[PDB]
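**Q** Structure incoming, see below.
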Amino acid sequence: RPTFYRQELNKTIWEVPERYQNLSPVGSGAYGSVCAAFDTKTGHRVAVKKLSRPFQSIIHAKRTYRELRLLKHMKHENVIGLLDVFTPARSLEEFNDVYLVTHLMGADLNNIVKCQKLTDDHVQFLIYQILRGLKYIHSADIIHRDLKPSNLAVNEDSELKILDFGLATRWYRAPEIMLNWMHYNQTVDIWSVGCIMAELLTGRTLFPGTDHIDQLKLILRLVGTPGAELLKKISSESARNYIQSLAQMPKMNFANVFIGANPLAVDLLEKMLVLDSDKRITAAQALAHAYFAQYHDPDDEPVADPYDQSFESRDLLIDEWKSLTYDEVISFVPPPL
């Protein structure tokens, strides 16, 4: 249906619907190159990403499909959504290029945290929105695994969206995935949320480790060494023995570490930053914590539709991966705006 027009930007052809005007490069990452544009239909500024060599191998073809499937599925106020996806190809035989369109995201959360204490009311609202987003994501059996301030967009009204899905810094990474304990669940992302919240409250990174070793030491300084209960849940003897080497450390009183902070905030942090992922608070549980009393509404914290991930275990040829992606592109329907 739409008319396409072609132009040179950077060192390649961009061929996009005429609704998108005034394209100008903003950057280019490992996966794709990104242009800002003006959408004349909706009247918004947008980001147009052209994927790089999406079907170069089976690894990359499966990656393209995986990401497109997830981006299409995610429909929630606190999670990046897909405005449009298109190809200039008029058939599968001519299919090569894939373009993703999203809202032009403003500053990330680091920009807001200029090494200063945010007000408690500000922290409440930001952390509420992250957890609300995570509840949705986790309900689709997805784990982020690399949640950090730079993966969080915030606009002028303090409205927050989670930018990536985890398809530089280890400061926010849960220890059970650092140390390869093979004892983890979705609460790996909750650890990250705890690190982010603490930083927002103090203005300082909670565990600024210089390397893997120093990271662990800093963590155990605050939360204490693992108890026998957790030791026997860790599978590998290497990880088990490595923990048994380090000397015993008491769990610290968080109220002394976060002096002056809302006592409800301290209590939530204590539930977030525990080593045993079987005892770590989940997103749904954290939303019901008294800290978020003013924001919490169970009927306005939705879960995702069931998410079919059976493709992960299939072994297909490269043309099949490309064919499946093509299907997802041409059958795309914009969200009801």
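Going through the structure tokens in order, the chains are called A, B, and so on, while each chain numbers its residues from 1 and the ligands are numbered from 1 in the order shown.
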What lies within 10 Å of residue 30 (chain A) using only C-alpha atoms, ignoring chain neighbours under 3 positions off, as a PyMOL selection string?

**A** chain A and resi 33+51-52

**Q** May I have the selected residues written with N, CA and C atoms, as an mmCIF file, in the first residue's frame?

**A**
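So the final result, stored in part_26.cif, reads:
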data_model
loop_
_atom_site.group_PDB
_atom_site.id
_atom_site.type_symbol
_atom_site.label_atom_id
_atom_site.label_comp_id
_atom_site.auth_asym_id
_atom_site.auth_seq_id
_atom_site.Cartn_x
_atom_site.Cartn_y
_atom_site.Cartn_z
ATOM 1 N N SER A 33 21.991 0.492 11.872
ATOM 2 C CA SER A 33 22.176 1.935 11.846
ATOM 3 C C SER A 33 20.825 2.608 12.073
ATOM 4 N N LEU A 51 18.458 -2.876 9.955
ATOM 5 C CA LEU A 51 19.287 -3.965 10.447
ATOM 6 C C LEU A 51 20.432 -4.221 9.466
ATOM 7 N N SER A 52 21.588 -4.615 10.017
ATOM 8 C CA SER A 52 22.785 -4.866 9.230
ATOM 9 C C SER A 52 22.872 -6.349 8.895
#

**Q** Skip region 102-119 of chain A itself and residues of its chain fewer than 3 positions away, then list as an MDAnalysis selection string all residues within 8 Å of it, counting only C-alpha atoms.

**A** chainID A and resid 36 44:48 80:84 122:123 149:155 200:204

**Q** Can you list every residue in region 65-290 of chain A that DSSP puts in strand (DSSP E or B), as a list in words?

**A**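 DSSP-assigned strand (DSSP E or B) residues in region 65-290 of chain A: residues 79, 84, 85, 86, 99, 100, 101, 102, 103, 108, 152, 153, 154, 160, 161 and 162 of chain A.
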
**Q** Generate a file of the selected residues that holds N, CA and C atoms, formatted as a PDB file, in the first residue's frame.

**A**
ATOM      1  N   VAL A  79       7.448  -0.465  28.505  1.00  0.00           N
ATOM      2  CA  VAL A  79       8.331  -1.272  27.681  1.00  0.00           C
ATOM      3  C   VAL A  79       8.331  -0.684  26.269  1.00  0.00           C
ATOM      4  N   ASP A  84       6.346   0.412  13.820  1.00  0.00           N
ATOM      5  CA  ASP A  84       6.253  -0.080  12.457  1.00  0.00           C
ATOM      6  C   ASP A  84       7.446  -0.987  12.164  1.00  0.00           C
ATOM      7  N   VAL A  85       7.254  -1.889  11.199  1.00  0.00           N
ATOM      8  CA  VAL A  85       8.331  -2.680  10.631  1.00  0.00           C
ATOM      9  C   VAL A  85       8.018  -2.847   9.150  1.00  0.00           C
ATOM     10  N   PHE A  86       9.037  -2.758   8.296  1.00  0.00           N
ATOM     11  CA  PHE A  86       8.790  -2.802   6.868  1.00  0.00           C
ATOM     12  C   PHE A  86      10.037  -3.271   6.124  1.00  0.00           C
ATOM     13  N   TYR A  99      13.524  -2.964   8.340  1.00  0.00           N
ATOM     14  CA  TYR A  99      13.566  -1.711   9.073  1.00  0.00           C
ATOM     15  C   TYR A  99      12.606  -1.791  10.263  1.00  0.00           C
ATOM     16  N   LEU A 100      13.059  -1.326  11.436  1.00  0.00           N
ATOM     17  CA  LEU A 100      12.235  -1.229  12.637  1.00  0.00           C
ATOM     18  C   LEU A 100      12.002   0.245  12.959  1.00  0.00           C
ATOM     19  N   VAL A 101      10.759   0.604  13.302  1.00  0.00           N
ATOM     20  CA  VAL A 101      10.441   1.973  13.671  1.00  0.00           C
ATOM     21  C   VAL A 101       9.966   2.000  15.123  1.00  0.00           C
ATOM     22  N   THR A 102      10.558   2.905  15.918  1.00  0.00           N
ATOM     23  CA  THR A 102      10.170   3.123  17.303  1.00  0.00           C
ATOM     24  C   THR A 102      10.092   4.621  17.589  1.00  0.00           C
ATOM     25  N   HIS A 103       9.424   4.981  18.694  1.00  0.00           N
ATOM     26  CA  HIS A 103       9.459   6.349  19.196  1.00  0.00           C
ATOM     27  C   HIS A 103      10.912   6.772  19.399  1.00  0.00           C
ATOM     28  N   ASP A 108      18.457   8.671  28.772  1.00  0.00           N
ATOM     29  CA  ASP A 108      18.415   7.488  29.613  1.00  0.00           C
ATOM     30  C   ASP A 108      18.541   7.942  31.067  1.00  0.00           C
ATOM     31  N   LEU A 152      17.269   2.215  30.277  1.00  0.00           N
ATOM     32  CA  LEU A 152      16.032   2.810  30.755  1.00  0.00           C
ATOM     33  C   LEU A 152      15.908   4.218  30.187  1.00  0.00           C
ATOM     34  N   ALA A 153      14.830   4.470  29.433  1.00  0.00           N
ATOM     35  CA  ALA A 153      14.544   5.800  28.915  1.00  0.00           C
ATOM     36  C   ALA A 153      13.556   6.497  29.840  1.00  0.00           C
ATOM     37  N   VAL A 154      13.787   7.789  30.083  1.00  0.00           N
ATOM     38  CA  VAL A 154      12.868   8.595  30.869  1.00  0.00           C
ATOM     39  C   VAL A 154      12.602   9.891  30.108  1.00  0.00           C
ATOM     40  N   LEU A 160       8.745   6.202  32.192  1.00  0.00           N
ATOM     41  CA  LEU A 160       9.904   5.355  31.972  1.00  0.00           C
ATOM     42  C   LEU A 160       9.544   4.192  31.057  1.00  0.00           C
ATOM     43  N   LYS A 161      10.472   3.858  30.149  1.00  0.00           N
ATOM     44  CA  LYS A 161      10.368   2.660  29.330  1.00  0.00           C
ATOM     45  C   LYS A 161      11.675   1.874  29.384  1.00  0.00           C
ATOM     46  N   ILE A 162      11.543   0.546  29.477  1.00  0.00           N
ATOM     47  CA  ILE A 162      12.652  -0.385  29.383  1.00  0.00           C
ATOM     48  C   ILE A 162      12.968  -0.583  27.901  1.00  0.00           C
TER      49      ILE A 162
END

**Q** I need the residue nearest residue 17 (chain A) from this list: A:166, A:56, A:88, A:184. Use only C-alpha atoms for the distance.

**A**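 Among A:166, A:56, A:88, A:184, it is A:88 that comes nearest to residue 17 (chain A).
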
**Q** Name the residues in contact with residue 293 (chain A) at a cut-off of 12 Å, using only C-alpha atoms, excluding same-chain residues fewer than 3 positions from it; report them as an MDAnalysis selection string.

**A** chainID A and resid 121 124:125 128 264:265 286:290 296:298

**Q** Determine the nearest neighbour of residue 5 (chain A) from the options A:78, A:215, A:21, A:96, counting only C-alpha atoms.

**A**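 Closest residue, counting only C-alpha atoms: A:21.
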
**Q** In Å, how far is it from CA of residue 35 (chain A) to CA of residue 19 (chain A)?

**A**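 Going from CA of residue 35 (chain A) over to CA of residue 19 (chain A), I get 14.2 Å.
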
**Q** Please identify all polymer residues within 12 Å of region 308-313 of chain A, counting only C-alpha atoms, omitting same-chain residues fewer than 3 positions from it, and present them as a list in words.

**A**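 The residues that qualify are residues 59, 62, 63, 65, 66, 67, 69, 70, 73, 140, 141, 142, 304, 305, 316, 320, 321, 324 and 325 of chain A.
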
**Q** So how far away is CA of residue 165 (chain A) from CA of residue 131 (chain A), in Å?

**A** 14.2 Å

**Q** Just the residues within 7 Å of region 235-244 of chain A, please, counting only C-alpha atoms, with nothing from its chain fewer than 6 positions along; format it as a ChimeraX atom specification.

**A** /A:179,181-182

**Q** Grab the residues selected above and save them as a compact mmCIF listing (two decimals), in the first residue's frame with N, CA and C atoms.

**A**
# COMPACT_ATOMS: atom_id res chain seq x y z
N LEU A 179 28.95 -15.63 38.64
CA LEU A 179 29.75 -16.72 39.17
C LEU A 179 29.30 -18.06 38.59
N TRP A 181 26.42 -20.02 38.85
CA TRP A 181 25.96 -20.89 39.92
C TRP A 181 24.95 -21.91 39.41
N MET A 182 24.40 -21.68 38.21
CA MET A 182 23.33 -22.50 37.66
C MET A 182 22.21 -22.64 38.70

**Q** Under the rule that only C-alpha atoms are counted, which of A:159, A:211, A:315, A:39 is the nearest residue to residue 130 (chain A)?

**A**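 Of A:159, A:211, A:315, A:39, the one nearest residue 130 (chain A), counting only C-alpha atoms, is A:159.
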